[PDB]
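*Asks:* So that we are looking at the same thing, I have put the structure below in structure tokens.
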Ligand SMILES: C[C@@H]1NC(=O)c2csc(n2)[C@H](CSSc2ccc([N+](=O)[O-])cc2[N+](=O)[O-])NC(=O)c2csc(n2)[C@H](C)NC(=O)c2csc1n2
Ligand SMILES: CC(C)CCC[C@@H](C)[C@H]1CC[C@H]2[C@@H]3CC=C4C[C@@H](OC(=O)CCC(=O)O)CC[C@]4(C)[C@H]3CC[C@]12C
Ligand SMILES: *SC[C@@H]1NC(=O)c2csc(n2)[C@H](C)NC(=O)c2csc(n2)[C@H](C)NC(=O)c2csc1n2
Ligand SMILES: Nc1ncnc2c1ncn2[C@@H]1O[C@H](COP(=O)(O)OP(=O)(O)OP(=O)(O)O)[C@@H](O)[C@H]1O
Ligand SMILES: Nc1ncnc2c1ncn2[C@@H]1O[C@H](COP(=O)(O)OP(=O)(O)OP(=O)(O)O)[C@@H](O)[C@H]1O
Ligand SMILES: [Mg+2]
Ligand SMILES: [Mg+2]
């Protein structure tokens, strides 16, 4: 809402804000009293000024007293200054640190509950929303609330206290001159709100545009193997670039609006000065006003009004937090109906394996016009095995998902032991259910930890027993690191069968009563399949299994078989009973380190934008070379009264100074707008160019660079979003002050030295000390950024693993574990944020108290100068206004130093990732491009070891040949290396020892993009994108635009056209993230269509029909056979039906070919192929 921004504050934060607000008010009130004392001394110091009147008359003691009296009241005046300076050092720390301790203690609680609410949402919520932007919301939108409820709110109450203090002081010391300077106060107040609203809207738009870019980057980098295989680097780069421009335009517009609002602020400052020193004729007329009185009233009113105006960014930052705190709170406010964390619900003590589906009707939320199940009836008895068979897309996986209460059926009864599963506790219901999905998903951790995700309180002996059951013990014992070997993200650094066998054990450790297997033996060979089936059969009596498979070897021994035909059970009987039924089952039976100059090299990427960095530089010099000139005119307008005598001389004649003030006000636009525009625009051209180059370099890297444990998808997205954000934070306004403040101090160094040079010496003592504040910050917070950058990548890893793998987490009920892992990773940034808060408070207090101390020091020391008749008020005031505010400007220069350090740390990594050169450079056009390709594939003694496990040999001199028009079928056991050679023909990796030959030329000489162009690859786990059906098929050829007719032809060849045509929205249907809104067979068929639309010369199929049923497999194989000639096909399969008709079949186990020949030749001789053949039937 509008006040619910602070709901998790608690008593500790409510007292931090209250005492922080009181201290902010006290700190704001200090300036009005500062103007009181300044005006009082100005009037009381000018009483000895114009001592030139009757200067010749000298009682001497009268002059001696005039002076001695001067230093007598000036001594009291310096004491009040020092008292205010001492008192501000206490309330400014309370003002800044307490507010940051209320933001830190709430943003940390906000994040832990935002994560808890994302983890609490239903599966349908993840299905209907684009959850890829959720990590960006967590990382950057909560950081927007952090900047809007921090110390900036504390500096807002300081502005209000300064405005009210200005009211009080002006009214006490002035009746008329106040309302004169209050004319522009409503104008500034309305500009505050208007420009704050505009900037908040633009902030929301830019945040949405960055979220889109982050979602695009996460989608591309999570399927980088498919992007590289199909050569989609250019198209994904352009997709990222579109969002980069849609945010850049909004960035340049933001910059111009921000630098023109502030320019109007300068214009109003100068107009107020001119209109206040006009009506300064009240000084000419006696006793109407005093010179000190005019200065004190004008300064009090001006500081109040322009602190309200200067708080507009603080209101804008509050308005920015308002702009992005809604989704962060909308998601928390949303309460799912299927609440896993809810404690309410029955938890039966004794449960029998009785499952009932009565009149089940279900439709997925994302596609609610399609009835997946229309009256589903199913009965499962205790200690029984039921096998669900049917065509692809029937709703078997839908039945498995409904069994876990992932979705609520639209109308029907899903019950266990005759009890509503809606009444049963959701978490308890899921605990007694061990599920292996169609395509098992692992996490980016060790094998042992992935197995522990089943039951977190599991012993090692139980894990070993489970892997023994799942036939995984041997291969885990084989590799180094044993159970501590890290698998890749989503199980990438594992074989398909190995990954499937790790997830079977993960469900077995749970000791489930309900075992939901969804094609858990698809990737296993016939030997591992028998072992797993025997292990399941040994413990059959304990639990009831809902088993789903297209292979007919697992379903032959099931107690009962249920057949699906359009969402209904058409057949329900045993194997013998359904053998004579002559139904769908019968037909199925017949069918079968940081450099210090990093930030300068980043700024060297704007060499094309040099005209913005020279005219802007000159404008910054002018705008910083005239701030000390403002002090000169200010000193003159003070001195026309302090050292001015007769009213006829000067006074009314000295109205040229107001004209000078207005001329400088026009110059305020003329130079500030240019300096903030050319820096606010080149600061958006650079961050866009930085992100573009970083993303282009990321897509350039090898497949080996994405296998590193440091380079995960979440880590990559964090590294892409944060580095450029930090560099942008340094660039821009924080870049302008360096070219201005150094001038601001510098020019003063000259001019203050020509009027009074004794006083200027304090500068050689004030800019040291303020500077040595920044170092004791930078030194004492030096390395924290490095521990705040690497850990930030860590937390985004837990979120990305949790968000993108939400279905697996929910099925395992591991949401609480991921919350714990996220909080643990958040602890270190939390502590570094409450340690940075106190340090920043101390630094701000010191830098602000040195202003007040310098008031006393400078004026008191200038009093001695006046005593020795060496300086007057004009000189001391001019040199003070120059040097003290120059010191305060270099104070800001030293204070923003942490931003420079963070940018340098980010800049080093940005330049490092840009300059990196891959070994297999995809973008390189240097390579031989054959005009004619004859489809000759040869592997001569290829030896390959994966970079992540270089000790392990994968292939030992593998030699094979396939000819144009010949079909080569790779077979063997899990982990043999069948997918490896497919990964070697794509040139994902370079073989260590051995050669790969295409058309008689070794493939390393050929252009890598050209080589990949003629390869149509279907992977073992085909991964789609979050795009339309016709856009995934049109991804097969990225060098041309694919016509709709070609897409339909490819779909027809892949036996998927009928499904899409019958589907609403037809080919425009948007499939879910990674294709999760399709069945496995449909996703495999769409991948087949994507490969076939390319019209490839070499067709590399890696279990391309694993999820397809018998009829679809037959259709796809017949379609391939119609195009048998004109292309070579290398196919890997585990079912001995596709492999039967291949021209040559080779057994690849342990990296060698052992059995070579055709189907009849290998079947006739007893051996490995006959070994698979015998147990298959
Ligand atoms: C550029 C420069 N100074 C400032 O910019 C400045 C920083 S502190 C401050 N001024 C205080 C109130 S505060 S001004 C301010 C300026 C900037 C920001 N900010 O964070 O954007 C905030 C504030 N603020 O605390 O409200 N003003 C004085 O002490 C004060 C008393 S006599 C005097 N100056 C001289 C004699 N008169 C001037 O006209 C004059 C000449 S050269 C100059 N000023
Ligand atoms: C300029 C000085 C003399 C003014 C007075 C200083 C105090 C207001 C400061 C100094 C030390 C501060 C404390 C230093 C450290 C902590 C721990 C810090 O703990 C956490 O990080 C959160 C966990 C929790 O609070 O349990 C909370 C603030 C607190 C109590 C600080 C509260 C404010 C204190 C008392
Ligand atoms: S009386 C209003 C008061 N401004 C000044 O005292 C003053 C004299 S000279 C000067 N400001 C120069 C020209 N301005 C800046 O250096 C500057 C940088 S940012 C900024 N002013 C913002 C727009 N102004 C304030 O924060 C502010 C509050 S009171 C005040 N100026
Ligand atoms: N998350 C989802 N959102 C929308 N529709 C979905 C989703 N998951 C599946 N579907 C659709 O539901 C239907 C049945 O899919 P389901 O996964 O239940 O089939 P299946 O029998 O398990 O298939 P397969 O044998 O190919 O694994 C299909 O039309 C599919 O597109
Ligand atoms: N990216 C990788 N990094 C490291 N090791 C890997 C990687 N991919 C596979 N391996 C390992 O290489 C070996 C062979 O895997 P590969 O994918 O070639 O097997 P496969 O014959 O295709 O398997 P399956 O029949 O189960 O699909 C296994 O030990 C596997 O763990
Ligand atoms: Mg399925
Ligand atoms: Mg494989």
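All positions are counted from 1 along the displayed chain.
Looks like electron microscopy, 3.1 Å, at least that's what the header says.
From the backbone N, Cα and C atoms, a Cβ is placed for every residue, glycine too.
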*Asks:* According to Swiss-Prot, which stretch among 179-199, 200-220 corresponds to the feature transmembrane segment?
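*Replies:* That would be 179-199, per the transmembrane segment entry in Swiss-Prot.
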*Asks:* Under the annotation given by Swiss-Prot, are residue 291 and residue 134 positioned on the same side of the membrane?
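*Replies:* Each on a different face of the membrane, per the record.
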*Asks:* With the ranges 757-776, 777-796, 797-816, 817-836 to choose from, which does Swiss-Prot describe as transmembrane segment?
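*Replies:* Per Swiss-Prot, the stretch marked transmembrane segment is 757-776.
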*Asks:* Would you list the DSSP helix, strand and coil counts for the residues of the topological domain 'Extracellular' (635-658)?
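*Replies:* Residue counts in helix, strand and coil order: 11 helix, 0 strand, 13 coil.
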*Asks:* Looking only at the recorded stretches 11-33, 258-279, 659-679, 735-755, 757-776, which one has the largest tally of CB-CB distances under 8 Å to the transmembrane segment (179-199)?
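*Replies:* Per the Cβ count, the answer is 258-279.
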*Asks:* Below 8 Å between Cβ atoms, which of the listed ranges 11-33, 150-171, 258-279, 757-776 makes the most pairs with the transmembrane segment (659-679)?
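*Replies:* Looking only at 11-33, 150-171, 258-279, 757-776, the most contacts with the transmembrane segment (659-679) come from 258-279.
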*Asks:* What is the Cα to Cα distance in Å between residue 592 and residue 593, where a stretch of 61 residues has no coordinates?
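*Replies:* The separation between residue 592 and residue 593 at their Cα atoms is 62 Å.
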*Asks:* Are there 3 or more C-beta pairs under 8 Å linking the transmembrane segment (11-33) with the transmembrane segment (150-171), counting only pairs at least 6 apart in sequence?
*Replies:* yes
*Asks:* Give the nonlocal contacts of the transmembrane segment (258-279) in its own chain as ranges (CB under 8 Å, at least six residues past its ends).
*Replies:* 176-177, 180-181, 183-184, 187-188, 191, 195, 199, 294, 298, 302, 305-306, 309-310, 312, 637, 655, 657-659, 661-662, 664-666, 668-669, 672-673, 676-677, 680
*Asks:* Give the nonlocal contacts of the topological domain 'Extracellular' (860-875) in its own chain as ranges (CB under 8 Å, at least six residues past its ends).
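*Replies:* Here the qualifying positions are 42, 45-46, 48-49, 67, 70-71, 74-75, 77-78, 635-636, 638-639, 642-643, 755-756, 758-759, 762.
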*Asks:* Could you tell me what the rest of the chain brings near the topological domain 'Extracellular' (635-658), counting residues at least six beyond its ends with Cβ under 8 Å?
*Replies:* 42, 45-46, 49-50, 52-53, 274-275, 277-278, 280-281, 283-284, 291, 295, 872-875, 877-878, 881
*Asks:* Taking a Cβ cut-off under 8 Å, which residues six or more beyond the ends of the topological domain 'Extracellular' (280-293) line up next to it in the same chain?
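*Replies:* Same-chain contacts beyond the flanks: 38-44, 46, 173-174, 176-177, 637-638, 641-642, 647, 651-652.
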*Asks:* Just to be sure I understand, if DSSP states are collapsed into helix, strand and coil, how many residues of the topological domain 'Cytoplasmic' (680-734) fall in each?
*Replies:* 41 helix, 0 strand, 14 coil
